[PDB]
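> Pasting a structure below so you can have a look.
2 protein chains.
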Amino acid sequence: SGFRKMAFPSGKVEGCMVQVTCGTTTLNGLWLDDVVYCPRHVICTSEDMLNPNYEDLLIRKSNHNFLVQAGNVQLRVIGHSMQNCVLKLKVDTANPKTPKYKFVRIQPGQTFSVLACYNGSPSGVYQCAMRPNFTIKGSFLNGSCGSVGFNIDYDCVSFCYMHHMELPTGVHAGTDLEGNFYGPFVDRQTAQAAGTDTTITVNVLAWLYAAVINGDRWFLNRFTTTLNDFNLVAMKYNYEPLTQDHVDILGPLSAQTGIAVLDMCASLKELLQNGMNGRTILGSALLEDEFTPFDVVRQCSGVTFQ
Amino acid sequence: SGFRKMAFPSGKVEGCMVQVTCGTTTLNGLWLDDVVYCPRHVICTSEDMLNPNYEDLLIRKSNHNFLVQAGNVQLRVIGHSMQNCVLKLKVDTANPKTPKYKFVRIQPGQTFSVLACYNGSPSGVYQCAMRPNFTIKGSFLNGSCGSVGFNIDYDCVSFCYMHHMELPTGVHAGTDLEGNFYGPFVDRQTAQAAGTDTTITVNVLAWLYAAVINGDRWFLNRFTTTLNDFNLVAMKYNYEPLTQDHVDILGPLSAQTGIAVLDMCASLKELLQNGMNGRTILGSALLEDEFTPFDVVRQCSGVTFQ
Ligand SMILES: *[C@@H](CC(=O)OCC)[C@H](C[C@@H]1CCNC1=O)NC(=O)[C@H](CC(C)C)NC(=O)[C@@H](NC(=O)OCc1ccccc1)[C@@H](C)OC(C)(C)C
Ligand SMILES: *[C@@H](CC(=O)OCC)[C@H](C[C@@H]1CCNC1=O)NC(=O)[C@H](CC(C)C)NC(=O)[C@@H](NC(=O)OCc1ccccc1)[C@@H](C)OC(C)(C)C
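In structure tokens, the structure reads:
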């Protein structure tokens, strides 16, 4: 039993991290087969921060203007190209520890593991969700750009995030591994701001089911609700609407606990209208929304503590 | 910026996990050089759960009664010995991915990363503290025994925990890597219970400093306190006493923020007496006590958001 914010084991990704240097700028790259992926702002200077023209900056570079370092060996760049906001460096050496991998672009509300890296060296791993406003509440300092987010499925690593920037509220923004930003952000230091965020309703519900599976029932009640009436309450507390698709996704958790999805919605409505009254749920004093239904099934026992 | 429960990268430990089988019982082992470490209760039967005599059970075994599996290769046991509550299996093959490592026994209030494993296969990583009552609030199911907890320092892995058992309240108990239990627990299914726990005061204070470093000051106040008067309040809220050693450990965080340790103690006292009043600190609605001062320094920027 127990329930923890659980990252995937990071070893398959640690073997892919390198250091990329252009000019005097250094950040992290992702080395897969004979290509190194990294944020294109590594070709910026201190002056090209406000409105850089990256196509113009890039045509001014040669292959030998880039330095790639894997551990304590240098990799020679033998070709380069820009793809959206990522740079791809073709290197003379295929990464021997390349895992089975995919590039995936995730939907808001999906979670992933982040391997924070500095100077090509992994420093930590934590679990993140893509917020509805397409930011992540990460932990990133200078030098962290090029750190990647990923999920792991049967030894296949699905890379879904590369880190590019921090917003004024302290949340983080970046791209898929093809260099497309999540959300409306761009990789320049012009005024940008995270939109208003909302709570990921389907994940709160999954997490309440986790709490039931682990033996805690105190927040349940005898009431039910309709999908429409729930969403009227959801809107009022800045929760995302719950769709029939979300209802169907919660199916297995409903079945293992015997609690119908809309019965758990009436529990959540009561928690929203009344608070927790000094109580905790799975050790938390607020409603957690960064566990997907898949995260709950992955970590919880398949037999509920009846 | 940001602040997350951050585990160490787990790759160096993933390379050491194997599956150990004796009879029909299977659990996880730690493969370092030519020795596999695993909990001795792998030699138990369904009948030898209440009061097993492990010396008696073990003399009845041969080397060929143990099966060690690393990935999809079998390792042959060429020798065995019991050390406290761990079994050591000498194997014919030295682990080629053995990292630089140490065995360390940690004090209560220290944190570590846990690589949860099932059948020798890593499944997740999360961050734990050794509670003052020598339990950890982990996430462990059947099959998880032999999973290990560790810290990483300059590519040296310090193993500090091996998982053995769950207590009725859902918290977890285990040993150092020499097989000595943390706390008064024993590896048999006789009635045992976690003692009353207390909050790790020095860690709460470190975490308040993290919040200051990341730009949040709302909970500070103009007051100070003496060490003695703080601890009188600490006792009242089931917090551990703060020692002069704890004061000195918080030194660097005090210096980076300009907030004297005893001034932050007067802030904590106010938070304890008044609550948060609907506010959060680093996104949390309760006072977090599973970040050591060292954890804060490791993750936070060295320059405070003034
Ligand atoms: C990765 C590379 C790096 O370290 O470069 C250092 C010079 C960083 C990761 C950041 C740094 C701190 N935490 C992080 O996650 N990314 C960057 O430095 C970004 C480079 C841009 C060219 C994309 N810049 C920022 O992250 C920047 N944000 C930003 O400018 O947003 C646009 C903006 C919003 C409001 C007002 C003006 C501009 C950060 C560094 O600036 C602050 C003030 C928002 C923190
Ligand atoms: C690891 C090996 C395993 O899976 O064996 C399965 C048969 C597990 C890890 C546990 C299982 C669930 N979550 C975990 O972390 N360890 C064990 O099964 C332990 C083997 C003993 C021989 C040490 N047993 C327990 O963990 C057991 N606790 C226990 O008996 O504590 C003593 C006790 C306390 C009060 C009353 C009676 C006995 C668990 C499985 O039992 C419960 C009821 C406390 C959950």
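Residue numbers (the UniProt record's numbering), protein chains in the order written: chain A, 3264 to 3569; chain B, 3264 to 3569. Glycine included, C-beta positions come from ideal geometry on N, C-alpha and C.
1. Taking CB distances under 9 Å as the criterion, tell me whether residue 3270/B reaches chain A.
2. Give me, in chain order, the residues of the same chain whose beta-carbon lies closer than 6 Å to that of residue 3284/A; leave out the 5 immediate sequence neighbours on both sides.
3. Please specify which runs of the beta strand (DSSP E), each continuous and at least 3 residues long, are wholly inside the stretch 3316 to 3344 of chain A, giving them in chain order.
4. Mind checking if residue 3421/A is an interface residue toward chain B, Cβ cutoff 9 Å exclusive?
5. For the candidate residues 3299/B, 3342/B, 3374/B, 3288/B, whose alpha-carbon lies nearest to that of residue 3440/B?
6. Given this structure, state the Cα-to-Cα distance separating residue 3534/A from residue 3274/A, to the nearest angstrom.
7. Assign residue 3268/B to one of three DSSP states: helix, strand, or coil.
8. For the stretch 3390 to 3405 of chain A, list every residue whose C-beta sits within 7 Å of some C-beta in chain B, in sequence order.
9. Residue 3477/A touches chain B at which residues, Cβ-Cβ below 9 Å?
10. Under the criterion of a Cβ to heavy atom distance below 8 Å, does residue 3264/B qualify as lining ligand 1?
11. How is the alpha helix (DSSP H) around residue 3464/A delimited, first residue to last?
12. Cβ atoms of residue 3549/B and residue 3547/A: under 9 Å apart, would you say?
13. Tell me whether residue 3540/A, by its Cβ, gets closer than 8 Å to a heavy atom of ligand 2.
14. Nearer than 8 Å: is that true of the beta carbon of residue 3407/B relative to any heavy atom of ligand 2?
15. Which of helix, strand or coil does DSSP assign to residue 3366/B?
16. Which residues in chain B sit within 7 Å of residue 3204/A, going by Cβ to Cβ distance?
17. So, for residue 3293/B: in the same chain, excluding its five sequence neighbours on each side, which residues have a beta-carbon less than 6 Å away from its beta-carbon?
18. Can at least three beta-carbon pairs, one atom from the stretch 3448 to 3457 of chain B and one from the stretch 3465 to 3476 of chain B, be found at a separation below 8 Å?
19. Can you look up residue 3346/A in the DSSP assignment and give me helix, strand or coil?
20. Could you have a look at residue 3522/A and say whether DSSP puts it in helix, strand or coil?
21. I'd like to know whether the C-beta atoms of residue 3387/B and residue 3291/B end up nearer to each other than 9 Å.
22. With a threshold of 8 Å (Cβ to nearest heavy atom), would residue 3307/B be considered close to ligand 2?
23. Taking the alpha helix (DSSP H) that residue 3560/A belongs to, which residues open and close that run?
24. Does any CB atom of chain B fall closer than 9 Å to the CB of residue 3275/A?
25. Helix, strand or coil for residue 3402/A per DSSP?
26. Can you pull the chain A residues whose beta carbon is under 7 Å from the beta carbon of residue 3378/B, in chain order?
27. Could you work out which residue in 3295/A, 3565/A, 3382/A, 3444/A is closest to residue 3282/A when comparing CA atoms only?
28. Taking 8 Å as the line, does the beta carbon of residue 3312/B fall inside it for any heavy atom of ligand 2?
29. Kindly indicate the opening and closing residues of the beta strand (DSSP E) around residue 3293/A.
30. Within 10 angstroms of its Cβ, does residue 3365/A collect 16 or more other Cβ (buried), or is it exposed?
31. Measuring CA to CA, which of 3333/A, 3345/A, 3335/A is closest to residue 3326/A?
32. Along chain B, which residues have their Cβ under 9 Å away from the Cβ of residue 3388/A?
33. Between the stretch 3331 to 3342 of chain A and the stretch 3388 to 3400 of chain A, are three or more C-beta pairs nearer than 8 Å?
34. Between residue 3534/A and ligand 1, is there a pair consisting of the residue's CB and a ligand heavy atom that are separated by less than 8 Å?
So, from the listed chains and residues:
1. yes
2. 3330
3. 3329 to 3333, 3336 to 3338
4. no
5. 3299/B
6. 39 Å
7. coil
8. 3400, 3401, 3402, 3403, 3404
9. 3433
10. yes
11. 3464 to 3476
12. yes
13. no
14. yes
15. strand
16. Shown here, chain A extends from 3264 to 3569; a query on residue 3204/A therefore has no answer.
17. 3279, 3300, 3411
18. no
19. strand
20. coil
21. no
22. yes
23. 3556 to 3562
24. yes
25. coil
26. 3272
27. 3382/A
28. yes
29. 3288 to 3295
30. exposed
31. 3345/A
32. 3269, 3270, 3271, 3272, 3273, 3376, 3388
33. no
34. no
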